[PDB]
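One structure is given here, and the rest of the page talks about it.
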Amino acid sequence: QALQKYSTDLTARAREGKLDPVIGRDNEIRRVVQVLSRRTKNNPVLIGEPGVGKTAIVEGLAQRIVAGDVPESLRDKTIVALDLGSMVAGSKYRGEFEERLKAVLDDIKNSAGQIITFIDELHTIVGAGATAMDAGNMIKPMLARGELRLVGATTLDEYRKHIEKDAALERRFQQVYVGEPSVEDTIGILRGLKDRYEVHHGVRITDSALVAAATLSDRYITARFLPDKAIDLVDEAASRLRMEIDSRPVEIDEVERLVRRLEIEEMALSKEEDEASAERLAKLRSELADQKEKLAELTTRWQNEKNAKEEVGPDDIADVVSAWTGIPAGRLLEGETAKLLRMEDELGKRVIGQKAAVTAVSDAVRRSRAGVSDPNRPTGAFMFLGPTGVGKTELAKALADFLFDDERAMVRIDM
Amino acid sequence: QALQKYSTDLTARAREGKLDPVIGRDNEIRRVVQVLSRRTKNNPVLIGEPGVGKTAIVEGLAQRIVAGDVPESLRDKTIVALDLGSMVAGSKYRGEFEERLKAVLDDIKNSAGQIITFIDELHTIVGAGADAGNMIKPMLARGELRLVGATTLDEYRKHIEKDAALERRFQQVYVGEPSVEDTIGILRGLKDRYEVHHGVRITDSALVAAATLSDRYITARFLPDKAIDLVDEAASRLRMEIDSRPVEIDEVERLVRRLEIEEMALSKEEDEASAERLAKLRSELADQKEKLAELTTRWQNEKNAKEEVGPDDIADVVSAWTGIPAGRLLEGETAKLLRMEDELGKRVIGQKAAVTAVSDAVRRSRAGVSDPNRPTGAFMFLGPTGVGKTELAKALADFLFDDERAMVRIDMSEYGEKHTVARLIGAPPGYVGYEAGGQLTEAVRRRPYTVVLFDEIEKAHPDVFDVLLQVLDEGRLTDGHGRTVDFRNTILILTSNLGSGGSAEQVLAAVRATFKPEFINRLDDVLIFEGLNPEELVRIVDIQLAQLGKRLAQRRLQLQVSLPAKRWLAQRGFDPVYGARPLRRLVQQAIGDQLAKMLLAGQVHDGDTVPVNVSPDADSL
Amino acid sequence: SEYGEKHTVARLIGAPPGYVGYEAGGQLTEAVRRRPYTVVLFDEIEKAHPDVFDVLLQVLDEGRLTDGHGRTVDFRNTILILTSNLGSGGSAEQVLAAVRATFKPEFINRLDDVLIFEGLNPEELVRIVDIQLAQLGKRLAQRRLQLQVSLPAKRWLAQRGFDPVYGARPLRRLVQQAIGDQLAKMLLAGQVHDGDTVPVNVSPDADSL
Ligand SMILES: Nc1ncnc2c1ncn2[C@@H]1O[C@H](COP(=O)(O)OP(=O)(O)OP(O)(O)=S)[C@@H](O)[C@H]1O
Ligand SMILES: Nc1ncnc2c1ncn2[C@@H]1O[C@H](COP(=O)(O)OP(=O)(O)OP(O)(O)=S)[C@@H](O)[C@H]1O
Ligand SMILES: Nc1ncnc2c1ncn2[C@@H]1O[C@H](COP(=O)(O)OP(=O)(O)OP(O)(O)=S)[C@@H](O)[C@H]1O
Ligand SMILES: Nc1ncnc2c1ncn2[C@@H]1O[C@H](COP(=O)(O)OP(=O)(O)OP(O)(O)=S)[C@@H](O)[C@H]1O
């Protein structure tokens, strides 16, 4: 009965239908099962970089046990998820922790080898109760005889920072290397996960969304790993779309919020007894008017669309990938096609002459938004030289301003 | 009666036949005996690396006592297994643990030496305090309690040797690991205990392989233990196969029962770009439902006319582990190896002398002919620029792993100063970055099958060469933490750009004057690359156009190219001093620029197909 | 060839008290503090930094050194061996001159005889050819595939790879390139199934099986 108090039940939740579906990864679950059913030292440890799916495999094994796809030895085994945090809760006295540990071990042993314990992030088991090495290695006699099974899973570099420093305990563990999947596999994963999200957020999701997410999340976000940085885009897109099925969409709610601030400023700046703030007001009014025009236009266009956007598509994902890691990944939604066609004449406002070099920079900027340049190569690498005072540094500073509206936003180093 | 509460009975467990047969190790047990049977200070301690068998020796001694092979000074003595953990269980009050331990010690002394206390993991005897594990120090030095302990080699000097007053009362017994010939015998003795638990049979030709094979592939662990896992796993897998269908008939069915649902929920997509994906997935499904039904037929051809493990299940296990493929070329891989300079030729063009040398040290290693202790192949190819010598090392890492970014590349141009060596080997203990290991080292210790690439090697400082000096020719280098990492399965590739135009001995003598003979001598053939003839550019043209086309299929947007343009581009591939890089700029100056201009100016939309045609000088879409 | 800086001496001696890697002790020490009958080998001693040379000062001719923990291990039963490649171009004066220029007098004075190796002669390569062939046969004896080499073959093999500037590794690479390639192409293309004894013989330039 100590188990009932110091651990939860995984297989029970698997029966009650509360674990996400698990797709693919057949070799890994096969190896986990065959290691989990050998004579001595049956303790598989899923190891590998963070995010690639290591708890998902154990959940898949649990659902598989509930279904019946397991061999004979693993029929009705009742996986158990330990918890060493709630075990060291209040034990300030001398034996209060070893007592609980002995109780749990005894109740695991009393069962006829049924229980399959599961310690998630087992790199925390090392220094369980310190004071002088005594605790956390009381299970070391039972690991060897294979009484308790203990399928665990830790990240790849907290296994050689915490455990491999304890070569006597690493010996009792078998490593199952979980490498990350490819884009073709991630698409398949998403195709089966595209229902829980689609039901939690009251929306629908096109298959093009899944494809484009699994591709862009690999092309751009080069700091995480694949089964997760692809689910995040889908999830945020769906949440945003549900937020817009509220009263108003974006790009109308932003303009009205701007208009309100401009109004509350123009109403309280009017009663200013000065002469220099007269011109500092003469522009604020014009701005308020030119913004209210846009508000009214958008509001009228919405009415037309509503009398004459309900699922996420392959471009809302681009909006997310642009809002996070501000690389523009869109599809030229008419806001800036005119701008990129005017680029030369616009960079002419600050630089004069050297059309032979302005056109060369503009072409490299242009053929990258249309999706034609090499996706794994810099967006352009020019070295323009010539005599002094001509304008080379000036063109470089004009380009950064035309792109980000702040010449202090580019990275400059003086070689 | 207090020894019943805090300890089990090893000798009784050995009487009912509950312990594994212990084989060999005569000297260790005889020394344990002749230490355990002296006047004072009669308590040994076994010492040695984890896994080499140190509880096995105590269990062997217990079975030996039960049989009666021991001398008169030990005939009819029981061994009790003390359990320090179950003594501090409830002792929150200020003296209860000391009371318990004192009762235990008094009861041990109350007998006349008919008990031999055996403490396992005795490095845990230092604590128990909060003046504990210290009241034992008097009775130790007099020989009252006969203590048999066994801790690993490096927790000894961490918990015990710190207390030279207590480590004086112990006589050390070193337990070195066995050899291959002895491990074979140990397995020959232990086989019939797994033969029962798993309802299978194990072949002696497999017992020899599970010990010869696990001695050149798994170096992070020690002997027998790293050789019993293979046998046990092979047997468990064979039993799984016996119950259900065999493997490679199970996964083919699992993925087929998934592609079904995929295409079923996909066919309901009111979309147009998703029709090219559905009509491509619907072909792999019918292709898999073909070889599945072929396997079910080829299985009955055997089931009408694989029942014990052999030297093949062991190799399959030690291959699923550690990733290293050591199998038997199961007729699907050999057909692929036989045409390798044909699958490499789809990405590298020309350089027949070099493709038939990289590809030549993979076959002669997969067939079991190469030296088992030296890298799979270590050769440097060098020549002029833009020729294809960093591309070959990527067409090769893609043939073997199906992913160009699963290999280990280090750009040796950042190693300009000699102190930049610590970047790939770690920093010695007591310094800033030490709990991080090396950087090249920790990359191979996790997957010892990658293909390392040292790009632009002559730009570095001539000390990193001397670091590499032992990587070649032995496949070993140890980092700060003192962990030896093996390279005996990687493929070492070093690019360069020396010479730059010299025919053959302006370059062969420029290598000789930048490297030392002891470094040139470890290498395999030094491959020389050659410039690009005008003929072998008309084909790179096709490769480039295919690349761009595949890049364009994100919009279902094709393009038709006429042979005049295709041979115009290749004739404007110029200057046999810059190789094949100018062509990739020519393509984007000609086609890509105006395509992108037309693409965001309306007048070209998705699904279209634009034909190129050679205007009298330029290209027109 | 890795001990190239001052601070990499703490790699074989441990760390001074109170620092990061302290419970780990030394690396040369903790393997000669137990079972002190081993053999110590320093490859390419001249690749180091001439401050590692001054730990071997009290290692040699006194037989003890003290790690970080203060313990004193004793080297009174080991056999130290240092290899190098100094000179490599002079007959007998350049090697000694380079040694005297790269080491200290109180370091060359501690050792026993500083031996010189000669360099293999054309006669001394047949006795290596048969060694290599026996080793290779032992390798491809795990499939009962023992070779059967002809005496003209052995003489050609000991005449092709000889060049007196790279020692005896060219012979190994030649054995591989000549025999192993043909054998591996013949082995996985059927026709050389196990339990076979393939003979090798001399063709004009190559040597066909
Ligand atoms: N094969 C898979 N099938 C279904 N969902 C998967 C699969 N692999 C990963 N996921 C999902 O992707 C996410 C991966 O999270 P987890 O794998 O549980 O985290 P992790 O891989 O254990 O990494 P850590 O170390 O636990 S934070 C979860 O949302 C999973 O539901
Ligand atoms: N074509 C031009 N259009 C506009 N301003 C220009 C032009 N050429 C020069 N200038 C002015 O000249 C200033 C200095 O020119 P820079 O380009 O900064 O000097 P530079 O071209 O970098 O030559 P060096 O070799 O670096 S001194 C700029 O800040 C501009 O104000
Ligand atoms: N001489 C031997 N005869 C038979 N089996 C042996 C022998 N030596 C080891 N084994 C087996 O190999 C394994 C070794 O496990 P143990 O020796 O109990 O662990 P250990 O050697 O004590 O290492 P530590 O320090 O306890 S983690 C067990 O399965 C033993 O049954
Ligand atoms: N023989 C070739 N076959 C196919 N592509 C080639 C060939 N030679 C060069 N390339 C192209 O050239 C680029 C790679 O050239 P690399 O070989 O990597 O340059 P390199 O040979 O390393 O010369 P350096 O000294 O490193 S600049 C890719 O875009 C390849 O497509």
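Data for the structure
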item: Pairwise FRET efficiency - B:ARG201 versus A:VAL126, Cβ, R0 = 41 Å, nearest 0.05; result: 0.50
item: Residue-by-residue Karplus 3J(HN,Hα) for the range B:534-551, coefficients 6.51, -1.76, 1.60, Hz, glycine and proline x; result: x, 5, 7, 9, 5, 9, 4, 4, 4, 4, 4, 5, 5, 4, 4, x, 4, 5
item: Label-point separation in nm, A:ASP414 to B:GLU535, each point 7 Å along Cα→Cβ; result: 5.7
item: Cα centroid of the range C:117-139 to Cα centroid of the range B:266-284, whole Å; result: 65
item: Amide H contacts under 5 Å for A:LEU46, placed H, 5+ residues apart; result: A:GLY152, A:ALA153, A:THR154, A:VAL176
item: 10 Å beta-carbon shell around B:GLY68, net charge (K/R +1, D/E -1); result: 0
item: Those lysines that a straight Cα-Cα span of less than 29 Å connects to A:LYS271, excepting residues fewer than 8 apart in one chain; result: A:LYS283, A:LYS292, A:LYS294
item: For the range B:84-94, Karplus couplings with θ = phi - 60° (6.51, -1.76, 1.60), whole Hz, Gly/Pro x; result: 5, x, 7, 9, 8, 4, x, 9, 5, 7, 6
item: Geometric extent, Cα atoms of the range B:258-300 - Rg, Dmax (angstrom); result: 13.3, 44
item: Ordering of A:12-25, A:167-180 by burial proxy (mean other Cβ atoms within 10 Å per residue, highest first); result: A:167-180, A:12-25
item: Hydrodynamic radius (Kirkwood) for the range B:436-584, which is based on Cα pairs only, to one decimal in Å; result: 19.3
item: Residue mean of other protein chain beta carbons inside 10 Å, B:421-429; result: 6
item: When each of B:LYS102/B:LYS137; A:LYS194/B:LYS291; A:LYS355/A:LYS397; B:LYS268/B:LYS550; A:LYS165/B:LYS41; A:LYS229/B:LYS597 is checked by Cα-Cα distance, pairs over 24 Å; result: A:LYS194/B:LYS291; B:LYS268/B:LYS550; A:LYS165/B:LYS41; A:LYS229/B:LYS597
item: Where a label projected 7 Å from the Cα of A:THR155 along Cα→Cβ would reach, residues of the range A:21-58 with amide N under 20 Å; result: A:45-58
item: Chain B, helix-only ellipticity at 222 nm - DSSP H runs n ≥ 4, -39,500 (n - 2.57), divided by all residues, nearest 500; result: -11000 deg cm²/dmol
item: Rounded, prolate or oblate (a/c below 1.5 giving rounded, otherwise prolate when a/b exceeds b/c) for the range A:272-415 by Cα gyration tensor; result: oblate
item: Those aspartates and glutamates that a straight Cα-Cα span of less than 15 Å connects to B:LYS18, excepting residues fewer than 8 apart in one chain; result: A:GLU147, B:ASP9, B:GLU59, B:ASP192
item: The range B:381-391 - phi-based ³J(HN,Hα) in whole Hz, Karplus 6.51/-1.76/1.60, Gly and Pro as x; result: 10, 9, x, x, 8, x, 8, x, 8, 9, 7
item: Under 5 Å, built H, 5+ apart or other chain: amide partners of B:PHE379; result: B:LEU492, B:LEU494, B:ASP524
item: Angle in degrees between helix C:151-160 and the longest Cα principal axis of chain C, rounded to the nearest 10; result: 50
item: Ascending count of other beta-carbon atoms within 10 Å, so fewest first, for C:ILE79, A:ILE119; result: C:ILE79, A:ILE119
item: Which listed pairs, of B:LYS394/C:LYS185; B:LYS516/C:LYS47; A:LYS41/B:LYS191; A:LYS309/B:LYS280; A:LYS54/B:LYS226; A:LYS18/A:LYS102, have C-alpha distances above 21 Å, in listed order; result: B:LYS394/C:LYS185; A:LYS309/B:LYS280; A:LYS54/B:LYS226; A:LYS18/A:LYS102
item: Rounded FRET efficiency, nearest 0.05, which uses the C-beta distance separating B:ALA436 from A:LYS306 and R0 of 35 Å; result: 0.05
item: Highest to lowest packing among A:394-401, B:247-254, scored as the average C-beta count within 10 Å; result: A:394-401, B:247-254
item: Cα gyration tensor category, rounded, prolate or oblate, for the range B:292-337 with a/c compared to 1.5; result: oblate
item: Global form of the range C:56-137, assessed from the alpha-carbon gyration tensor, a/c cut-off 1.5; result: oblate
item: About the Cα centre, charge dipole magnitude for chain A (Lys/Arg +1, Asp/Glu -1 at Cβ), debye; result: 1900
item: Partners for B:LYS389 among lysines (Cα-Cα distance below 21 Å; same-chain residues under 8 apart left out); result: B:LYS346, B:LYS352, B:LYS459
item: Exercise: per-residue mean of other protein chain Cβ atoms within 10 Å, B:222-231; result: 2
item: FRET E, pair B:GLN547, B:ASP575, Förster distance 22 Å, beta-carbon r, rounded to 0.05; result: 0.50
item: Burial order of peptide ranges A:329-340, B:187-198 (average beta-carbon count within 10 Å, highest first); result: B:187-198, A:329-340
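Each reported figure results from applying straightforward, stated rules to the coordinates on display, with no laboratory input. Counting neighbours? That spans all protein chains shown, and the Cβs are built from the backbone with ideal geometry, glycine included.
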